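Data block below; observations after.
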Amino acid sequence: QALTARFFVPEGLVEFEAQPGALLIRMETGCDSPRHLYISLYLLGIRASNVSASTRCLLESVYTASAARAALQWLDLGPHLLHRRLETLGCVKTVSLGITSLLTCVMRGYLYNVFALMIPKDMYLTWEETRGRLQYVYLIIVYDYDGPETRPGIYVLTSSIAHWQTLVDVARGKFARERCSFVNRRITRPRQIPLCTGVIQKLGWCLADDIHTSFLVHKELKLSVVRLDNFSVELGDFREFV
Amino acid sequence: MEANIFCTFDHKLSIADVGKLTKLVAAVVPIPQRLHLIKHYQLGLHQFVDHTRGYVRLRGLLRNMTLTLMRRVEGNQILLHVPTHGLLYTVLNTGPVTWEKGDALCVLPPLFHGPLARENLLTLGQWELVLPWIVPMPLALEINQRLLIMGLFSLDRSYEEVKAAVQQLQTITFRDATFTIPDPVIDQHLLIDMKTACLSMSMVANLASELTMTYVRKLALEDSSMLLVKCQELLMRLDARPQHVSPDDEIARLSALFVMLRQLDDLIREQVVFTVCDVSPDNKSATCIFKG
Amino acid sequence: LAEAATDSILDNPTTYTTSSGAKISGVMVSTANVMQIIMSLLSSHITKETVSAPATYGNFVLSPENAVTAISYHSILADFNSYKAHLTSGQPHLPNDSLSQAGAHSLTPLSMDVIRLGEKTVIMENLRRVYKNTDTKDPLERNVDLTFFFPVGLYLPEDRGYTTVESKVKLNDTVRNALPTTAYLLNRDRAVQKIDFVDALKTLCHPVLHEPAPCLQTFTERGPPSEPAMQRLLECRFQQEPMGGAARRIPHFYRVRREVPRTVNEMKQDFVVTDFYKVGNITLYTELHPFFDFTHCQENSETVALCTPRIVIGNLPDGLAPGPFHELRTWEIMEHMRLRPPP
Amino acid sequence: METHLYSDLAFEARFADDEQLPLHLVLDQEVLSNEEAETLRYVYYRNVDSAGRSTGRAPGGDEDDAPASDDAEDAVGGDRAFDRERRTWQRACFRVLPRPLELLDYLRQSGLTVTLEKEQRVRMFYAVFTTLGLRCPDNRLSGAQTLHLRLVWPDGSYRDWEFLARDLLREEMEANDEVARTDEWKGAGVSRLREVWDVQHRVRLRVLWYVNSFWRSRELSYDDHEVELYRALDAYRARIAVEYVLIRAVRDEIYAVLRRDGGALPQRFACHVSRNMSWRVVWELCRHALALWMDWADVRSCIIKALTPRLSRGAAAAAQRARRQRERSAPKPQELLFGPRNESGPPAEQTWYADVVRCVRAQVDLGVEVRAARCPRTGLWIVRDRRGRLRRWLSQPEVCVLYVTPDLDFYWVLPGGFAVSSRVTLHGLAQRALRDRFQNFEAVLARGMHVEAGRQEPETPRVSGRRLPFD
Amino acid sequence: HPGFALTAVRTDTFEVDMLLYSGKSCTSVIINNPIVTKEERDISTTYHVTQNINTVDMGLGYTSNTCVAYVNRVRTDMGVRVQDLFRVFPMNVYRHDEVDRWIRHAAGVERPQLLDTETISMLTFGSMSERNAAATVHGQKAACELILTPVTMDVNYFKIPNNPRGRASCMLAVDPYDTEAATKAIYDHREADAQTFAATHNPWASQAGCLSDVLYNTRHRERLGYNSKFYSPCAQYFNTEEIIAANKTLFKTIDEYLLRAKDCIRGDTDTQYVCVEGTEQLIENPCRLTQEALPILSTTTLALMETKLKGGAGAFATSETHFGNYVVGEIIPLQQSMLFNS
Amino acid sequence: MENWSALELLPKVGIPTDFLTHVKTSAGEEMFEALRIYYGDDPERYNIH
Amino acid sequence: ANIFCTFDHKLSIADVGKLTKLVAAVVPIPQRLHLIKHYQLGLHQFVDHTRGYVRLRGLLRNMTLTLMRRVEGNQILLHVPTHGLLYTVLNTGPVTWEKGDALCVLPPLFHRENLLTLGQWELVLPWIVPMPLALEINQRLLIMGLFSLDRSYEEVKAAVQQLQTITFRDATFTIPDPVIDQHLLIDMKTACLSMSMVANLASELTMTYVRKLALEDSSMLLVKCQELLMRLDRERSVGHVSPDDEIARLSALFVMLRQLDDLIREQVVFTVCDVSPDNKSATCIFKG
């Protein structure tokens, strides 16, 4: 059924994520020494423009280690292209603490007896309130071009729309603000060049009754998250749209 | 969740209809919900087919609809089976389109054809099991391309010019068959598709490598061939070193151009559902691998 | 209830009979509480007895000729050899049908409670044992719904005033008591609940009520009626005129001695309150909306429909809102303004 | 908002060829009803210079200036005149805003910095945005030029408005990383807002002058010569009179045939009569009714309404087919026994338009449609209503009715059905006037309609403000 | 008091105990030995067993019958919480923005919402826009539909079971398949109402094109932007197509009634939503067959309510009238039986 | 569609029939589906093919 | 789902050792019959001196992919990987892998030890490389196609020299030119001219179709499109049509888009999860 692999990370990254059901994302460092570093979804928020100031402050206070600070420095310092430096690996289910910790991720999983996915409130959205019987979930990276800092958006959403093209048809409505700013940057700055606005990655299928809200506590700094109580994973590719 | 779907009929069934059902085994039928148990009214495309709302609307509804294969049908129990990704299945084609080995299959609303019958099969008084067409990639993307070209051209034109334009455009021949688009209508769906196409074409005009605009003309100065004669003939209706060259700029510009092209491309491409590797010598059925 | 049911087609002559000579004609099934009520209430007429029931299911099996007919024609004729033999012999009457020839000669005794209804004997059953501790619903615990309708803010005519209760209740002469604007009902419990126009406000304010467009569409689609009585109601012509000479051209209008036709609203006014709703009122077909009036008119020598809004409540016809009702409503307004004893 | 900016960009792009500068217009409940704004399909404009020549017709004079001679075969020039008039009409970009608003507050709420001299708020229940162009053949613009405006609805109906340059430009010509043009457009804003009226003083519409409009910088020249405006006035007089001279031609024909027949009028519509009715009163009522029709005839009289479909491109081919079908000898037996079934002859029923006048009270009706059929037992005409009901106004003694046939034959009728018959003489006017003043709109494809011609009309688009805005 | 009176109409559902009678050997039940199918996996093996039951009816006419002898509960609150017309038509807005906002303030409603695209409605069989209440001691809400009536409407119409639209439309009276006669009976105002021989007791509801017709006839509601998930008590009295379809011969009408005309309302959510998948039982509804609504204890003043509650058993059925204050009595002695089971 | 001539020809069994309403009333109201009804001797059952 | 393949040629001990040393490599076969001949095994059946690299990519897209792990007697055992299962795969390209990456299949651009030659037929396997490397290689080859048409001026040769060498993690690859004897092979020329004509035709058509769309619901996107189009026209310029002609241009643009679809959409074939000094081999989940 499920397929797993064993991964190694520094202790600083594990401090916030210890509960199993977190996503595992592998970032591509520009430097060749820490060429690949495994960051969790929570680490994306502190550089995400859709999070709240309170949660951003909490995440800033959580991470202290030089590895985590260097991960943030790499995430900010690159040429604004995030998804070109990221590959996702699914969901995690193991606890193995240590100075160099081991965590196991399910690249393809449907666990037979609780396995869940953890998404924070700031990162979570849904197009339709009409909860369909079966819901797919997606990861969207949003690229605004209003300023030189190139503020990115990092979203995880659940939707009953099965066909990707209709999903883009509906996504281009709200993210039309991306398209306008993209064209504005294309005219205003002749020199720097963009690739796209948004990227869609599909991983999962779960029922609407599995969508619960839950709290998380490590370092005592409380976080509110959405919990997909029986989520199964199926990794897709990073697929670009404008 | 469900590997089995049970459909049941409210009507009493005749043995002729039971024979037709047991003949239609291994065919493809669409389902709106992907659910355990459905009534027979919400099976097929007769539910959605209002010809006033043209082909684009029905295509948009059908591409969101889920698909299933037919199975152990008996007296008032259909038992449809939803195929999962990657397994090898036997599927029976129902349209007149010829299937040949190695082609990828796509789902589209049925088109018109020569024998003019349309065969009002399985009429349960009013309900009538209209079944979609499963089409290989070239013809299906031809339908999509011709519809998009139809919408792009037809705007701001009189019906007289459009008459000849649609009389040439609506008719498609593929492997010496003769099909025609049932209902070309300019809905908001096609209008948004054209909005995307226009934005994509503008972007590819903007960010494209400066030399790729003039590569055709440099080659025309270099060469003279039937392909290039036609290429020049297209551009003719509006008719040395580069002072700088930097590989990084070209790499970034072509990456952006590929992003824009892939944005424009899938306005025509249909997500393949089946890939064939078998054919009955009577073209009546094929063995396929499912794509999701 | 027992007499209402007709007798079945077949009879298994020995099945379900009771010792001391009784034949069962029916069986009743109901929830355990209903059955208990029946047991207690009808004590004398019930009896607990032992009855004979078949021990095993009756087996029906196919003949090879039936199998071949099923293969060739997708059909089965049970007891096929009986039909063949009776056709060859020439007797049009069979001894027994194919169904009743199965399930006999295997009776066994079980004990159940029975009652007598006239000349009939009927079994009583309570299936609590089947569904207890189970998560499935008892089909005898069905749901049935009823529809209730009641008015609020209705007006009894003052000229026909009458009371059947004066020794029971008395009310203060305050106008709010005279003109009702509320209604009082009972909850799911025996407690009083109050409904007002204020609660209705969430429905009254929605635009669909104030949109006469569908009403005008259906009113135009029907067209003017062809009945001869309707022809006099139809003939009204409305024509605009410039105001430049209106101050002095008054005698010219009256100079010609020709009549001026009535209009639908003015004809609607002249009906009594209760006479308004009767079939003798020809103007009812135009009364599709309270807030908007309808009429047929002549335009470009063709008959067309017209819709205008009733700006004020006064435009309501006399049969729908009478003068006394308006005066009592003004009295209610005075009561709100503390003006019932006016200056 | 977006239509004005886009139109500025588009006119800037094409000014090299067309040499039209853009003029931004906003219209309100004074020009069109809320229903007409809610159901508007196309907005069109046409420029007429001071010589009375449309932009799209040959400068030195054209063959359309020649008269037309009443024949249905070459029906007012055929399809080529329709194609020319199609070519002369140009289409603009427009938007509809159905919710009540005031332009000052709406533009301040937008990114545009309005800078009008005084903050007088102008309120309107609904706004339709459009921008029209007016052509200067060279860098010189003339104040005697006139611009036409048309609003087109899905039923094919349209209304015409025309106003001249000197009202549009009464004071405007006397007032004389990388930046995106949208940014400076919004930051420069607008400051002057004026009311313009149609020549007949029937429509009020507002014009907006954005300081960052591209037409500013061309240092174009403007002047209005007096003789030039006199020419514009007399050309406008020539344009406006088409229907009235047609009505006068009908009048003179009626009187001429009434003189020719010695006043003896034979019956043409079937109605019972009496020998002992006083007919002198009927004759005098006919005189009064005729005078009243002469007075109250309008642009929507039956003769113009019947002339209008004759100008459509289908008329010429239909006239050819009908004449060829009439131009037949007796059918040979071979074609009767073998081959296709016979061509269907003209129907036993016809569609007509009529003007009805009343003497008892001052009242006429002009755009009246009536169906005509011949009574078999007497061979006379019977007038039926559009629903099939019989028209009783023939019996009514106070009524005289003028009928016009599709082939431009007209019957004048007094009580009893005794009639005066003659043909319409459209000889009096040039083809240009008939073809310009009246012509049916021909649809061009847009959103929400079938590409296949002749298919059933889908739901009318109906951009509306009573619903939540659709996306 | 505004210049019009209102008539409310609501549906209340009861959970009941049924008593059924069947004769000896009514139906012959045919059975086979079960067929077993298997799903095989490394973790566990699961067996599916299936017995095919077939029933053959051996009764010529009717050999089984039911009676609803006993009840003990009301699933709905039997309240007067008025139905939210803004929720069922979320598309519609007032043309001026500020007046629309002021009306949103005046009512207890929220900003308008767009009804979803067809694909959303096909993947998700409904909107379910009204969220659940904070708490529910009283059960499912009874949403009262209000049909506008003239102030002078004859009160005697409300004292007996009748049709709330103002004209009887019971198809058991008309001859079958005569659609012209049925339409004349239900809509024509040039002939008397079949029940009370007035032309109509509500000209704003009884004829085609009325306000209540467009509000509650699903033919007109589909023209508007409306939500199909919300149940409507008026729909059974206003859907002309269903009423005409129910005009049949006696026994086919009976079959339609007990099998296919029945309602289905969800039992999980506190507002009455229509069901789809049959996980909720079909609900019997005599009011559809009779095409009439019943009267409920209703009073304009608390004086008559006190004097009727204070009296003995059976005083609830009587109807009393004052100089303008009135009370209508319940046709069914239900308000005391519901105490009696308690 | 039911073969009525077969029912007329093939040997039937006798029963004490019991319809709640009148037999002709139930036939006119069509309590049942697919009813053959004729008066007199209709010879259709004789032609067998 | 297994396939057996028989050699018409004569095997030998060291020949069999060379054959088996690719224990779990991937071999593409044209169509999946139960029994096939060795000629179908590999890319050798497609290559010639006139075609060029582009076609092998497009033909690899439609050619069935298959994993090999055995050497029987005179026949070879093949296995078709199925979706959702995990398999053991070999590293055959010049790259080194890392856990979690996605893999793409490419024609081999560099090479001898793989050469199982029998009668001048060679077992030429494709390349397994991660998706970024595949994208980079295809983009650089397509770019170097453009620089071939001039190729004379010194800076163009310097640029071509720079494109030829690509650096990836712990390796550098000497990518060859797509042109030989200063001629550009035919599919390379065809795709290059199709892409260039797509851009050129869009540049012309965008103005007319932005105007035609503007008569519909005018919005900010069309305004910015028009502004960019005027900007493009101003920069380029300083250097009533018949319906059938317009439809010809549109259909030509769309079909020229179709011919380029093969190279833009780089498809994934495997995803890796194993880290090894044993780097020769890795375990992968199958996609397709």
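The letters A, B, C, D, E, F and G name the chains in turn, as written, and every chain counts its residues from 1.
By our rule, a contact is a pair of C-beta atoms (placed from the backbone, for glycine too) under 8 Å apart; a residue touches a chain by one contact, two chains touch by 3 or more.
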Most central chain, judged by mean C-alpha position against the global CA mean: B
Chain pair with more C-beta contacts, A-D versus B-D: B-D
Chain centre separation in whole Å, for subunit C relative to subunit B (CA means): 49
Between subunit G and subunit E, distance of the C-alpha-averaged centres to the nearest whole Å: 65
For subunit C paired with subunit F, centre-to-centre distance based on mean C-alpha positions, whole Å: 37
Between subunit E and subunit F, centroid-to-centroid distance (C-alpha), Å: 41
Sequence positions of subunit E contacting 2 or more other chains: 60-62, 92-94, 119, 123
Junction residues of subunit G, two or more chains touched: 84, 215-216, 220-222, 224-225, 227-229
Multi-partner residues of subunit D (at least 2 other chains): 91, 180, 446-447, 466, 471
Touching residues (chain side subunit C, partner subunit E) in the complex: 1-2, 4-12, 15-16, 24-31, 33-34, 37-38, 57, 60, 99, 122, 137, 140-158, 161-165, 168-171, 177-188, 190, 192-195, 197, 199-209, 211, 214-215, 217-219, 222, 227, 273-274, 276-279, 281, 284-285, 287-290, 313, 316, 319-322, 325, 329, 332
For the subunit E and subunit A complex, residues of the former touching the latter: 43, 116-117, 119-120, 123-124, 126-129
Subunit A contact footprint on subunit B (complex, rising order): 1, 33-35, 60, 63-64, 66, 192, 196, 199-200, 203, 206-207, 252-253, 255-256, 259-260, 262-263, 266, 271
Touch list for subunit D against partner subunit B, complex: 86, 91, 442-453, 456, 458
Sites on subunit F touched by subunit C in the complex: 10-16, 18-20
